[PDB]
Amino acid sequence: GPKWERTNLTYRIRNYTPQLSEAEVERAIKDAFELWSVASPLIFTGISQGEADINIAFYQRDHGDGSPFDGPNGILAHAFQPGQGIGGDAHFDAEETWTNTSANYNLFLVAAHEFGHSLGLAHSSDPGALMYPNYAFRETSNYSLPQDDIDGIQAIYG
């Protein structure tokens, strides 16, 4: 049963981490959504101005919700389940080291986990699953969604 009632969702990258170029940030975020798109009927589009279903941002410590960030390591990011207002948004701890390599922490794998939340998935007990609550570098190169996450997206949207 769908958390999101629409299949064509929009996203907006609110600010960027200065640790990567803007293009590098945009590609990691896009690659992250396409992972979920190939296993479900959902399609993602970026917008420049206005209201997006999914807002993405980099914040430091207290940022206006109930979950303040905690500096380097510890919690890396958080996301809200489908809803109105903050629902669907993904927040990244600006105090982390963000990369696009195997070095901690790879933005693409962190954003791919957050987006599962954004779409309605919960955490997974399978350590090989992207929805697992502990970060692990897997690869990036020919990374495709693990089996457990396909089962989880398919169970909600077909």
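Residues carry their position along the shown sequence, with the first being 1.
Stretches compared: 126-134, 102-110. Higher mean C-alpha B-factor in the entry: 126-134.
The mean Cα B-factor in the deposited entry runs higher for 83-91 than for the other of 83-91 and 68-76. Of the candidates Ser144, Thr17, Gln147, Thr10, the deposited coordinates give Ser144 the top C-alpha B factor. Looking at the C-alpha B-factors along this chain, the one for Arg27 belongs to the highest third. Among the modelled residues of the chain, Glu34 sits in the lowest third by CA temperature factor in this PDB entry. In the deposited entry, the Cα temperature factor of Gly116 sits in the bottom third of values across the chain's modelled residues.
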